[PDB]
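Down below is the structure, laid out as C-alpha cells.
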Amino acid sequence: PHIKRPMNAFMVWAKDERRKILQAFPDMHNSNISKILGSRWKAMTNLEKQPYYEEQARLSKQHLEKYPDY
C-alpha cells in the first residue's frame with residue numbers, strides 16, 4: 001500500500017476505476033479490465049488527471065515518510 005511500486009495517476013485512478021468497473025464486471029479480471037482501465041484512462045481528459053495525479057505523489061510520500069532510517 002505504501003511502497004514505491006510502479007503505479008501512477010492511471011494505476012492510481014484505474015485502481016478505483018477498475019474497482020469501480022469490476023463491480024460492474026466482477027468477471028473482467030486483470031487480463032481484461034487492463035484494456036478497460038488503460039482505455040478508460042485515455043478516455044479521460046488529461047486535465048481531469050489533477051486528483052489522480054497528486055494522489056500518486058501522496059501515496060509515494062506516505063511510503064518514504066514510513067521509512068525514516070532509510
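What's log10 of I(q)/I(0) for the chain at q = 0.13, 0.19, 0.28 Å⁻¹, Debye sum over Cα points only, no solvent? For the chain at q = 0.13, 0.19, 0.28 Å⁻¹, log10 I(q)/I(0) is -0.42, -0.77, -1.18. For the set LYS15/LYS61; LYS20/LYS66; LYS4/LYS61; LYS15/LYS66; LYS15/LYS35, the pairs lying more than 20 angstrom apart at their alpha carbons are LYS20/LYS66; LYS15/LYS66. Placing +1 on the Cβ of every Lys and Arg and -1 on the Cβ of every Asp and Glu, with nothing else charged, gives the chain a dipole about its Cα centre of roughly 160 debye. When both the stretch 1-26 and the stretch 38-62 are represented by their alpha-carbon centers, they are found 10 Å apart. The alpha-carbon of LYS49 sits under 19 angstrom from the alpha-carbons of these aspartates and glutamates, leaving out residues fewer than 8 places away in its chain: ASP16, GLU17.
Positions of Cβ are generated from backbone atoms using ideal geometry, with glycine treated the same way; all protein chains shown enter the neighbour counts. Here, each number is a calculation from the coordinates, and none is a lab measurement.
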